[PDB]
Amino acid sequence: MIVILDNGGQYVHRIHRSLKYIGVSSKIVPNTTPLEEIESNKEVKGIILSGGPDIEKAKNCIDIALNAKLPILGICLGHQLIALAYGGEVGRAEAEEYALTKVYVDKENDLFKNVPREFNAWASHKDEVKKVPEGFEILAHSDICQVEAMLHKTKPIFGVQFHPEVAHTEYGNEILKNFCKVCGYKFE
């Protein structure tokens, strides 16, 4: 099962529905749910930090990102919070607007397996990762965003700037399935 921290964004239920659609159970929990409380249930195979408006009211995500012994996928805000947690930088970039963005996949990684090196993702660029944390690498970029995706090189932690959980993201379910694979799910 995948635990979804609700950071307040409006696509949180889409994450549940997208996971379920590929046959993965998930549970939406307040973003103030302690790490120890999430990890107390061995059914929890991984954590998704959802999108949301305010990085200050998602502070608890920083502890989870740093100290969880489970795989983590941060989505938009979640991606930014992982960056902060590991000493990266984030800031305002473009202007708030959801647009189909052409995303280029820069290297072979588990997150983008069976995803074309070029695909259209549903994204806002209100904010972005400005400096990638020490020990992380860039997985993907667009013409307006240098860090559309990243991973921790030595921990199973992933960030995506865009929303794979909306139907408008090409291969968005494949990207969720790939995360679930790292969490020990198989899709044969």
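Sequential numbering from 1, following the sequence displayed.
Judged by mean Cα B factor in the deposited record, 179-187 ranks above the other of 179-187 and 4-12. In this crystal structure, the stretch out of 153-161 and 127-135 whose C-alpha atoms carry the higher mean B factor is 127-135. If you compare the C-alpha temperature factors of 82, 75, 72, 111 in the entry, 111 comes out highest. Ranking 43, 54, 148, 63 by Cα temperature factor from the entry places 54 first. Among all modelled residues in this chain, the alpha-carbon of residue 38 has a temperature factor (C-alpha) in the highest third. Placement of the Cα temperature factor of residue 68 within the chain: lowest third of the modelled residues, per the deposited record. When all modelled residues of the chain are sorted by CA temperature factor, residue 144 is found within the highest third. Among all modelled residues in this chain, the alpha-carbon of residue 58 has a temperature factor (C-alpha) in the highest third.
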